[PDB]
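Take a look at the structure set out below.
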Amino acid sequence: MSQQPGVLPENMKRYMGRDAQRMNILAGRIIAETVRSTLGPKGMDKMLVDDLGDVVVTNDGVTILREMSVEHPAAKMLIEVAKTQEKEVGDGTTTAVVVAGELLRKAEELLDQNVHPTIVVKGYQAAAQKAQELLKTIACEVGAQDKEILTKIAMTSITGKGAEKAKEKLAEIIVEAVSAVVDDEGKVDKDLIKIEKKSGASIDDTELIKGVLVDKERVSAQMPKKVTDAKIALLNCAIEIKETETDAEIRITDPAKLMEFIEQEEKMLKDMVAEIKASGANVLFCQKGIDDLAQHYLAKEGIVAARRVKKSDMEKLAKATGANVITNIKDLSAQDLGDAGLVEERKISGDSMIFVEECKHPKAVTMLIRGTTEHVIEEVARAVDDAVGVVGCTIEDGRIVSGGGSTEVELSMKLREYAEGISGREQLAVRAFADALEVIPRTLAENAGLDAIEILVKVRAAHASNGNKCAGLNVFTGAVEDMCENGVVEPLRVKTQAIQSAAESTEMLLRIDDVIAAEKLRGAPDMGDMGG
Amino acid sequence: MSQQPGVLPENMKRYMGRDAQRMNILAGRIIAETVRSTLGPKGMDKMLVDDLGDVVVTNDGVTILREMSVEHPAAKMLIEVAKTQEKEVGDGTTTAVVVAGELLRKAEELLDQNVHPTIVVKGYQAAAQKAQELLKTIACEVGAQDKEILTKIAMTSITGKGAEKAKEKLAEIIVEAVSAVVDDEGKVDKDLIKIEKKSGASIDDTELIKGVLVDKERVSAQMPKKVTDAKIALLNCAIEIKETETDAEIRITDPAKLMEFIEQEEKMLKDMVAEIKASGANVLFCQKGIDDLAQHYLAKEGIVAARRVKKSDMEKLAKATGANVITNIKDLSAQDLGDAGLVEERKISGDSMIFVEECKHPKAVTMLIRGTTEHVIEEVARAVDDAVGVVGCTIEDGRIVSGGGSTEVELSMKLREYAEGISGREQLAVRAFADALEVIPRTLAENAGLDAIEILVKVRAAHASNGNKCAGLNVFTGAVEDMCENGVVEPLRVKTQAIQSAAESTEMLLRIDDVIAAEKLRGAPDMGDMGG
Amino acid sequence: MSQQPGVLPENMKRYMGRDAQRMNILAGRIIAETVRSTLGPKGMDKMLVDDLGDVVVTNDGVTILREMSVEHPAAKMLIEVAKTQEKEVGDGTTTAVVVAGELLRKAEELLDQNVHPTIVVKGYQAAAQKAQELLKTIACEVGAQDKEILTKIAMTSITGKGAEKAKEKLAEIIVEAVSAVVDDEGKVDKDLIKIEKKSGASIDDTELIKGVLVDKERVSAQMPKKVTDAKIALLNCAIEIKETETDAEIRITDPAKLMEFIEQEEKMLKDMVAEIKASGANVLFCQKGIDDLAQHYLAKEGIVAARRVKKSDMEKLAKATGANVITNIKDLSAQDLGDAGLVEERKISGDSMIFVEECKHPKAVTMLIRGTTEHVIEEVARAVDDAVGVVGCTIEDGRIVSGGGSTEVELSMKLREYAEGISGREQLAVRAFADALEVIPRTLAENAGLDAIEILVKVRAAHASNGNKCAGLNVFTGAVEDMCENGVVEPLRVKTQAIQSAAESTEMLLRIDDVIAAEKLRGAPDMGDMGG
């Protein structure tokens, strides 16, 4: 952890390559170590700064990568490996970026003085083919059989580690996920749960926003503050014929008798607003909704009025589910299915209070509540969604296996065992790598007594056909056995990719022991290089 | 109190983390000490400056946080803890930010050389769970039983400490609160009392503005100065058809006979102003109210005329309560309920005199008076509202318990007593913390004889089942017993959150003993760091 | 091999320590790698420079350490480890500094995250205790039994690798060593062989200077150029009573008759030079020898005259062996034993020709000849003495064992075997180290096919009780077996210390993972440090 900000020298690149890979390793190793420090289950506090700003976080890889802009043409290159795994999000991903970013060390050294990494590549991919193999239950103990609600609590156990409730915030965020799982489109489900928490006086326990938040606004001023039970209406954008389309080129040539034309236009919108009231719906929602004159009419006929630009609310409204496919200009009578009539609990916390009525229908619902205040909540608020979203992707079929709890430590003994097959070169850097896949679940260990490997022999005991699980950090050092929350992950899948991102990136990260460049500008401002 | 403005070094961050937490503690401790100095019941004078400006204050946390813009990425982070508690406002909040900001010291040291604060977190939250427990009467002596007017005087005893009237400004500001409590929306009540004091010749005793101030203006020039008993009218915004909507594109093509069109337009507004007078209301209020021609008509028919932009006055008018929901364009006859006819006591102090008549109805009324002059008043004017507002939130049910007067000192002995439960680690940093929750009510003490702890043994005497109260700073050192105003707070609630803001913030404030950052710009202007 | 000249930053030290050891390792590893490149049996060319100078070399550690003045407070510290081993000189020493400087890597990592190297120290010393054990023949094949002339040729095989005669320059330099071994004082023997080579026209094969060079001078001008068979004389410093001792204070007061005093003084030295000639010796040698007047007398009576300051020649003369213990002022007749009479072969090459007669007596003789020209010879001239000197120290008793030829590779398998003893911690970093003592004899390998380890399995075959030897680099890849010159070293001793210098230095090189300093000046010019 020296050489502050990539030591800040070597301004715009040059020089020779065979010491540069060792340089690439140095650059990749340092950023991998700083992240490793309290990341994943270690997870806690990583302090941030900048010139006037804030980014407190824990267990998040995208956030750490959001930063340290460049510092060497090696750090940026491997930000993407985390980024590639970031697609199909999670937090256990970057912890896996650490496992990949580590063995490459015993691998870069490896056969010290050999130009052919071409052997090591055959190995990592082989470990991945073994990965698809271990995807099929290798755990045996938990297997896949357990209540799904269990796997749900498991994600709540991890949360974002820095979780306020070291326990059951669980099924709160989960029921909304249990609803979200019914949608199962792969993304529209994470779109409904989307948005907030907090926005309430004080802190404490609150959650769900049951069936519909869908809007953000105290709703424009007339009396949104009043009129409880406004009713079912679902007009999502009234616009007026403000005497504009026109531009005419020339219009209203003759003087005097304009006393009609002025009154008639206000009249034209008053009739269209009276007919919309005929629906007996009343509530108005609208981005471009200002119709001031026939708004006062709408005030009499439609509880209140609203005024501006939230489109995501309309898509969120498509989730409110009031059939709002067709809404252009005039006359549509058939659709109005959005919930019941009870609306807007007024003035708590501040600014705006908005959540719609509920006439039961499971999905396409929102998810946000008072919970806790902004900064302390920002982190617990998001991590729990990552908890609700990642589980949502894997909950579907195609997978069965207990994760974590060193299920990996011996998955790797199998990898070391396959080394029995004499040829993948000889060294079986595939196996030598396996050794690391065995050392990493231990890097996770963090501490317990002091350092480690004391507990590794402990894991070796009882797995021949027994199975791995339970290794924990809480005061009680759990060798193996039940409800230590094992490896919370089952959805164990993420390892499938956590294993792959390694083999692909780590290979082209190496074998690249040439030049390291003396690059001419493609970006700016650059020109010439200095060193020779 | 050294290292002026965060010593002004370490320009844009870098370096290693394990000395940085001690650095975070140093940064949080210093700002916490400067505020502690004469804050809360100590409360008096904290001198301000800047490049051409003024901010004199006492007992206020938001004001101190308004300043010292940054000085370390630790000070800004914990400005928000005060800020989070600032929601549901008060002054006793930041005094509580001091109690939280103090023990973390015996806690940072604590188990000197232990990486696990994870134990300390279980403790602070436990103290909070005890907080919800002590919310239920632990005082016993006052309990909850006492006249509510008493608790009202209590808030007037505190005021903002720097209170001119070390006594009964009380029920003056309170009756308006007694009215405000009837509204009880949680915020609309604080909106009515809202605005001013002073604005009168000299100083002295004056208050209330009884039922309605609602407007600010000498009201436009014609004769607002005269016409006492102008009457009930409540037109809140007359606009004219200034021959504009138009733009036409082309209009008035032919010459000569325009002698009609000019006279007819002035005629069009004269008839609409004559009909509005038919209401026999007369008084006019209006943001966009200039109708110059039929204003002279309105001058004859409506005492005076007004002219510009105060919207908050209209919402304040909704509180005047003249039904002003519908007011667009023309013809509405049904509504006119705003008070009586007596209006505007002319020309005192200066600029504008404006307060409306009174035809009885309790709430939706204003609250401002001559009281004292601007700077000396600014502070006493606001603190008393914080007095009227914070009490307003808690006056509702769900709470019962005597506050202050060391009710806390022994609430904490209970916390130290629970330490009987052997495990929360061992040290029971929960208890070690309790010790501080016991030392802080003493930090409040300020002085009396000299230093303290002399009176702590005094508090220990008579609480086993007796109860705590009366510890004061006035010449008479009150051990315990009645009307020393005990702990003015009952509404004791604020402690509920004052206790919570601690446990949440203090935990993520610690456990953050890594990096302390070497941040790349997110704000501006920053780039590169200097130190290695 | 990056960070030119210690990257040239971190001007006068500061900062934190736990990344500094990794920094010390980096500094020690780099200098150890640059030296490793073609050093020892790899041995060839390492290019030098500077501001106007020359230092071409091969296999020499003192020369590489003579340079790279500082570059980090870690490089200088471990220059001395080479330096400590440099006492009792040799070239195989620094190759051994490389073996020590390498494993510390698998050892610094080792138990990754353990503060106790205290275990590793018990190991290196244990390897040394094993070293004294393997000193007793472990080779078995050569054992100790072989002609000593063989071990002599062995040193001539190594020479300084860059040897012109890839063969028998051997017994030439050796007979002089065979004589030198008779002296066996531990240093006076290396003092006789001391001085030169070259100093002759052209190059080619020449050697020995048989019994006596002892002087450097064409001998002062009169006729040193002539008078072959000058004879046995051994006057080593005639000084004159130049009328000086005096200073008198006052002398020669009266005028005129000084015609006596002038003639008498020249007379006083003429009689003392005539008596010295009575010895019938004739040849003169002298630092402070100018006696101009009775020098012309000495010219008539003593072939020639000499004139200035070579003291080392007198000690070299003590080796010529003409009893020259007593030589002050006047009259000593008893001693004159220096060789025969034949002297000075005149004018070849240039400047001076000087080598004395030979009347047989084995030791206390010189060793220098025409050989080759200065720069190409400088290196071959010295390396061969290191060849003649190091063998001279070990030729004495107390040792028996074949060296090199991987005798080490399996000496280490024994070290790995002792790891059978379960406790030296557990890891047996002693064994893990052994692994390196096994990998290093392979780092020696240099290349053969490509990289290595291909031949390691080759060494494993046939050593259980068979013995190790013969691994070579010449076209014929010799697995094991005879006259591949095995491990030329037997004198195998040097390993005794090559093994020790490691254990002592490598331990205090580590365990030093603190501060790395922020030093205030002790040298100059320094003051203040910059980084915080």
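Following the order of the structure tokens, chains are lettered A, B, ..., residues in each are numbered from 1, and ligands are numbered from 1.
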
### Message
Give me, as a ChimeraX atom specification, the residues of chain B touching chain A, with the criterion being at most 6 Å (counting only C-alpha atoms).
### Response
/B:73,248-253,261,511-512,514-517,519-521,523-524,526,532

How would the residues just picked look written out with C-alpha atoms as a PDB file, in the first residue's frame?
```pdb
ATOM      1  CA  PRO B  73     -13.659  14.289   5.560  1.00  0.00           C
ATOM      2  CA  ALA B 248     -53.107  36.963 -32.543  1.00  0.00           C
ATOM      3  CA  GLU B 249     -50.617  36.729 -35.373  1.00  0.00           C
ATOM      4  CA  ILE B 250     -52.326  39.703 -36.989  1.00  0.00           C
ATOM      5  CA  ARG B 251     -55.050  42.035 -35.543  1.00  0.00           C
ATOM      6  CA  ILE B 252     -56.712  45.468 -35.965  1.00  0.00           C
ATOM      7  CA  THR B 253     -55.869  45.714 -39.690  1.00  0.00           C
ATOM      8  CA  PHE B 261     -62.341  49.438 -29.423  1.00  0.00           C
ATOM      9  CA  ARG B 511     -14.907   0.317  12.492  1.00  0.00           C
ATOM     10  CA  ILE B 512     -13.753   2.743   9.760  1.00  0.00           C
ATOM     11  CA  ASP B 514      -8.860   1.851   7.166  1.00  0.00           C
ATOM     12  CA  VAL B 515      -7.394   3.933   4.324  1.00  0.00           C
ATOM     13  CA  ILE B 516      -9.112   7.253   5.262  1.00  0.00           C
ATOM     14  CA  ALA B 517      -8.698   7.653   1.534  1.00  0.00           C
ATOM     15  CA  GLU B 519      -9.427  10.196  -3.267  1.00  0.00           C
ATOM     16  CA  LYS B 520      -9.588  11.154  -6.897  1.00  0.00           C
ATOM     17  CA  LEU B 521     -12.010  13.943  -7.812  1.00  0.00           C
ATOM     18  CA  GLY B 523     -16.142  17.246  -6.881  1.00  0.00           C
ATOM     19  CA  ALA B 524     -13.838  20.008  -8.143  1.00  0.00           C
ATOM     20  CA  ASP B 526      -9.033  18.160  -7.619  1.00  0.00           C
ATOM     21  CA  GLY B 532       4.634   9.738  -1.579  1.00  0.00           C
TER      22      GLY B 532
END
```

### Who sits within 8 Å of segment 229-235 of chain A, only C-alpha atoms, same chain under 6 positions skipped, as a VMD selection string
chain A and resid 280 to 286 302 to 303 322 324 327 336 to 343

Grab the residues selected above and save them as a PDB file, in the first residue's frame with N, CA, C and O atoms.
```pdb
ATOM      1  N   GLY A 280     -66.155   9.673 -13.180  1.00  0.00           N
ATOM      2  CA  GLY A 280     -66.340   9.566 -11.741  1.00  0.00           C
ATOM      3  C   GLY A 280     -65.081   9.065 -11.070  1.00  0.00           C
ATOM      4  O   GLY A 280     -65.117   8.479  -9.986  1.00  0.00           O
ATOM      5  N   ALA A 281     -63.964   9.270 -11.756  1.00  0.00           N
ATOM      6  CA  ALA A 281     -62.658   8.851 -11.286  1.00  0.00           C
ATOM      7  C   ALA A 281     -62.043   9.901 -10.349  1.00  0.00           C
ATOM      8  O   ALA A 281     -61.622   9.581  -9.237  1.00  0.00           O
ATOM      9  N   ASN A 282     -61.954  11.135 -10.841  1.00  0.00           N
ATOM     10  CA  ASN A 282     -61.446  12.298 -10.101  1.00  0.00           C
ATOM     11  C   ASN A 282     -59.949  12.581  -9.935  1.00  0.00           C
ATOM     12  O   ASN A 282     -59.523  13.695 -10.221  1.00  0.00           O
ATOM     13  N   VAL A 283     -59.138  11.609  -9.526  1.00  0.00           N
ATOM     14  CA  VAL A 283     -57.711  11.893  -9.341  1.00  0.00           C
ATOM     15  C   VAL A 283     -56.927  12.082 -10.640  1.00  0.00           C
ATOM     16  O   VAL A 283     -57.117  11.365 -11.623  1.00  0.00           O
ATOM     17  N   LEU A 284     -56.060  13.087 -10.630  1.00  0.00           N
ATOM     18  CA  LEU A 284     -55.243  13.434 -11.782  1.00  0.00           C
ATOM     19  C   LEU A 284     -53.747  13.256 -11.549  1.00  0.00           C
ATOM     20  O   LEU A 284     -53.222  13.585 -10.481  1.00  0.00           O
ATOM     21  N   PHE A 285     -53.073  12.705 -12.549  1.00  0.00           N
ATOM     22  CA  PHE A 285     -51.633  12.492 -12.495  1.00  0.00           C
ATOM     23  C   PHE A 285     -51.086  13.052 -13.786  1.00  0.00           C
ATOM     24  O   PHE A 285     -51.587  12.710 -14.856  1.00  0.00           O
ATOM     25  N   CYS A 286     -50.104  13.939 -13.712  1.00  0.00           N
ATOM     26  CA  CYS A 286     -49.546  14.432 -14.955  1.00  0.00           C
ATOM     27  C   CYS A 286     -48.281  15.233 -14.992  1.00  0.00           C
ATOM     28  O   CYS A 286     -48.062  16.168 -14.221  1.00  0.00           O
ATOM     29  N   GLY A 302     -62.507  16.879  -9.348  1.00  0.00           N
ATOM     30  CA  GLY A 302     -61.359  15.995  -9.365  1.00  0.00           C
ATOM     31  C   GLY A 302     -60.407  16.215  -8.214  1.00  0.00           C
ATOM     32  O   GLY A 302     -59.201  16.073  -8.380  1.00  0.00           O
ATOM     33  N   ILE A 303     -60.965  16.458  -7.032  1.00  0.00           N
ATOM     34  CA  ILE A 303     -60.205  16.696  -5.807  1.00  0.00           C
ATOM     35  C   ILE A 303     -59.057  17.716  -5.868  1.00  0.00           C
ATOM     36  O   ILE A 303     -59.076  18.713  -5.144  1.00  0.00           O
ATOM     37  N   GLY A 322     -53.175   0.662 -13.674  1.00  0.00           N
ATOM     38  CA  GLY A 322     -54.367   1.270 -14.221  1.00  0.00           C
ATOM     39  C   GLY A 322     -54.042   1.252 -15.699  1.00  0.00           C
ATOM     40  O   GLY A 322     -53.044   1.849 -16.102  1.00  0.00           O
ATOM     41  N   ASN A 324     -53.083   2.157 -18.740  1.00  0.00           N
ATOM     42  CA  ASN A 324     -52.716   3.455 -19.283  1.00  0.00           C
ATOM     43  C   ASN A 324     -51.810   3.282 -20.491  1.00  0.00           C
ATOM     44  O   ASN A 324     -50.687   3.789 -20.533  1.00  0.00           O
ATOM     45  N   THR A 327     -53.608   7.133 -24.069  1.00  0.00           N
ATOM     46  CA  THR A 327     -53.952   8.338 -23.311  1.00  0.00           C
ATOM     47  C   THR A 327     -53.810   9.641 -24.107  1.00  0.00           C
ATOM     48  O   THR A 327     -53.819  10.731 -23.534  1.00  0.00           O
ATOM     49  N   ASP A 336     -59.997   1.983 -16.504  1.00  0.00           N
ATOM     50  CA  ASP A 336     -59.863   2.504 -15.142  1.00  0.00           C
ATOM     51  C   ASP A 336     -59.879   1.299 -14.194  1.00  0.00           C
ATOM     52  O   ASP A 336     -60.936   0.868 -13.729  1.00  0.00           O
ATOM     53  N   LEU A 337     -58.707   0.703 -13.989  1.00  0.00           N
ATOM     54  CA  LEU A 337     -58.573  -0.475 -13.134  1.00  0.00           C
ATOM     55  C   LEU A 337     -57.624  -0.292 -11.942  1.00  0.00           C
ATOM     56  O   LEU A 337     -57.499  -1.187 -11.104  1.00  0.00           O
ATOM     57  N   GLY A 338     -57.018   0.886 -11.829  1.00  0.00           N
ATOM     58  CA  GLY A 338     -56.072   1.133 -10.754  1.00  0.00           C
ATOM     59  C   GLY A 338     -56.579   1.174  -9.322  1.00  0.00           C
ATOM     60  O   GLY A 338     -57.163   2.163  -8.885  1.00  0.00           O
ATOM     61  N   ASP A 339     -56.326   0.089  -8.595  1.00  0.00           N
ATOM     62  CA  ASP A 339     -56.695  -0.063  -7.186  1.00  0.00           C
ATOM     63  C   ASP A 339     -58.065   0.434  -6.704  1.00  0.00           C
ATOM     64  O   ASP A 339     -59.085   0.219  -7.362  1.00  0.00           O
ATOM     65  N   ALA A 340     -58.078   1.031  -5.512  1.00  0.00           N
ATOM     66  CA  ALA A 340     -59.293   1.541  -4.873  1.00  0.00           C
ATOM     67  C   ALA A 340     -59.353   3.072  -4.870  1.00  0.00           C
ATOM     68  O   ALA A 340     -59.021   3.705  -5.868  1.00  0.00           O
ATOM     69  N   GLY A 341     -59.861   3.654  -3.783  1.00  0.00           N
ATOM     70  CA  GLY A 341     -59.955   5.104  -3.693  1.00  0.00           C
ATOM     71  C   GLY A 341     -59.151   5.851  -2.636  1.00  0.00           C
ATOM     72  O   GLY A 341     -58.926   7.052  -2.768  1.00  0.00           O
ATOM     73  N   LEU A 342     -58.778   5.163  -1.560  1.00  0.00           N
ATOM     74  CA  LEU A 342     -58.027   5.756  -0.445  1.00  0.00           C
ATOM     75  C   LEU A 342     -56.645   6.273  -0.851  1.00  0.00           C
ATOM     76  O   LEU A 342     -55.763   5.483  -1.165  1.00  0.00           O
ATOM     77  N   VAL A 343     -56.394   7.564  -0.654  1.00  0.00           N
ATOM     78  CA  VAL A 343     -55.113   8.125  -1.077  1.00  0.00           C
ATOM     79  C   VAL A 343     -54.501   9.228  -0.212  1.00  0.00           C
ATOM     80  O   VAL A 343     -55.200   9.932   0.514  1.00  0.00           O
TER      81      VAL A 343
END
```

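Our summary of the geometry notes that atom CA of residue 380 of chain B is positioned 9.4 Å from atom CA of residue 197 of chain B.
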
### Message
Quick check, in Å to one decimal: how far apart do atom CA of residue 269 of chain B and atom CA of residue 238 of chain B lie?
### Response
10.7 Å

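The spacing separating atom CA of residue 364 of chain A from atom CA of residue 192 of chain A amounts to 5.8 Å.
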
### Message
Which residues are near segment 78-93 of chain C? Cut-off 8 Å, only C-alpha atoms, ignore same chain within fewer than 5 positions. Put them as a VMD selection string.
### Response
chain C and resid 28 40 59 to 62 65 160 386 to 387 390 393 494 to 495 497 to 498 501 to 502 505 509

Mind writing the picked residues with N, CA and C atoms as a PDB file, in the first residue's frame?
```pdb
ATOM      1  N   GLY C  28      15.944  -5.312  -1.594  1.00  0.00           N
ATOM      2  CA  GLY C  28      16.927  -6.375  -1.494  1.00  0.00           C
ATOM      3  C   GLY C  28      16.813  -7.370  -2.633  1.00  0.00           C
ATOM      4  N   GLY C  40      28.329 -15.885 -10.724  1.00  0.00           N
ATOM      5  CA  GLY C  40      28.630 -17.244 -10.319  1.00  0.00           C
ATOM      6  C   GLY C  40      28.921 -18.020 -11.587  1.00  0.00           C
ATOM      7  N   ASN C  59      31.767 -12.517 -11.886  1.00  0.00           N
ATOM      8  CA  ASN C  59      31.781 -13.402 -10.713  1.00  0.00           C
ATOM      9  C   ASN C  59      32.156 -12.701  -9.413  1.00  0.00           C
ATOM     10  N   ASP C  60      32.443 -11.408  -9.485  1.00  0.00           N
ATOM     11  CA  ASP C  60      32.851 -10.668  -8.298  1.00  0.00           C
ATOM     12  C   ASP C  60      31.735  -9.924  -7.592  1.00  0.00           C
ATOM     13  N   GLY C  61      31.624 -10.171  -6.294  1.00  0.00           N
ATOM     14  CA  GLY C  61      30.609  -9.515  -5.498  1.00  0.00           C
ATOM     15  C   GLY C  61      31.058  -8.183  -4.935  1.00  0.00           C
ATOM     16  N   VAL C  62      32.308  -8.104  -4.492  1.00  0.00           N
ATOM     17  CA  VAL C  62      32.818  -6.865  -3.917  1.00  0.00           C
ATOM     18  C   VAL C  62      32.748  -5.696  -4.901  1.00  0.00           C
ATOM     19  N   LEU C  65      29.154  -4.460  -5.264  1.00  0.00           N
ATOM     20  CA  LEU C  65      28.841  -3.765  -4.024  1.00  0.00           C
ATOM     21  C   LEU C  65      29.642  -2.477  -3.878  1.00  0.00           C
ATOM     22  N   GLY C 160      37.614 -17.289 -13.079  1.00  0.00           N
ATOM     23  CA  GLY C 160      36.804 -16.097 -12.929  1.00  0.00           C
ATOM     24  C   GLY C 160      35.867 -16.207 -14.113  1.00  0.00           C
ATOM     25  N   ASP C 386      42.388 -15.137  -6.751  1.00  0.00           N
ATOM     26  CA  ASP C 386      41.287 -15.505  -5.869  1.00  0.00           C
ATOM     27  C   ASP C 386      41.236 -17.032  -5.923  1.00  0.00           C
ATOM     28  N   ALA C 387      41.662 -17.576  -7.059  1.00  0.00           N
ATOM     29  CA  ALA C 387      41.712 -19.012  -7.272  1.00  0.00           C
ATOM     30  C   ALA C 387      42.839 -19.635  -6.459  1.00  0.00           C
ATOM     31  N   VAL C 390      41.888 -18.543  -2.171  1.00  0.00           N
ATOM     32  CA  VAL C 390      40.789 -19.202  -1.466  1.00  0.00           C
ATOM     33  C   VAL C 390      41.093 -20.677  -1.239  1.00  0.00           C
ATOM     34  N   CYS C 393      43.472 -21.180   1.757  1.00  0.00           N
ATOM     35  CA  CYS C 393      42.910 -21.150   3.104  1.00  0.00           C
ATOM     36  C   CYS C 393      42.284 -22.477   3.518  1.00  0.00           C
ATOM     37  N   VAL C 494      33.306 -22.895   2.410  1.00  0.00           N
ATOM     38  CA  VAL C 494      32.996 -21.538   1.974  1.00  0.00           C
ATOM     39  C   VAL C 494      31.483 -21.585   2.118  1.00  0.00           C
ATOM     40  N   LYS C 495      30.942 -22.784   1.906  1.00  0.00           N
ATOM     41  CA  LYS C 495      29.524 -23.068   2.045  1.00  0.00           C
ATOM     42  C   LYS C 495      29.211 -22.936   3.528  1.00  0.00           C
ATOM     43  N   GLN C 497      30.243 -20.848   5.579  1.00  0.00           N
ATOM     44  CA  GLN C 497      29.942 -19.449   5.830  1.00  0.00           C
ATOM     45  C   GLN C 497      28.854 -18.936   4.891  1.00  0.00           C
ATOM     46  N   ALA C 498      28.842 -19.451   3.664  1.00  0.00           N
ATOM     47  CA  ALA C 498      27.848 -19.064   2.665  1.00  0.00           C
ATOM     48  C   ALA C 498      26.464 -19.421   3.192  1.00  0.00           C
ATOM     49  N   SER C 501      26.053 -16.721   6.693  1.00  0.00           N
ATOM     50  CA  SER C 501      25.780 -15.315   6.394  1.00  0.00           C
ATOM     51  C   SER C 501      24.291 -15.110   6.127  1.00  0.00           C
ATOM     52  N   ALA C 502      23.659 -16.152   5.597  1.00  0.00           N
ATOM     53  CA  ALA C 502      22.242 -16.134   5.287  1.00  0.00           C
ATOM     54  C   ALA C 502      21.398 -16.041   6.552  1.00  0.00           C
ATOM     55  N   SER C 505      21.872 -12.576   8.684  1.00  0.00           N
ATOM     56  CA  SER C 505      21.414 -11.379   7.990  1.00  0.00           C
ATOM     57  C   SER C 505      19.939 -11.422   7.603  1.00  0.00           C
ATOM     58  N   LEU C 509      16.985  -8.873   8.708  1.00  0.00           N
ATOM     59  CA  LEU C 509      16.560  -8.192   7.489  1.00  0.00           C
ATOM     60  C   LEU C 509      15.042  -8.154   7.554  1.00  0.00           C
TER      61      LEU C 509
END
```

### Task
Give the helix (DSSP H, G or I) residues of segment 31-108 of chain A, as DSSP finds them on the backbone, and put them as a PyMOL selection string.
chain A and resi 31-36+61-66+80-86+92-108
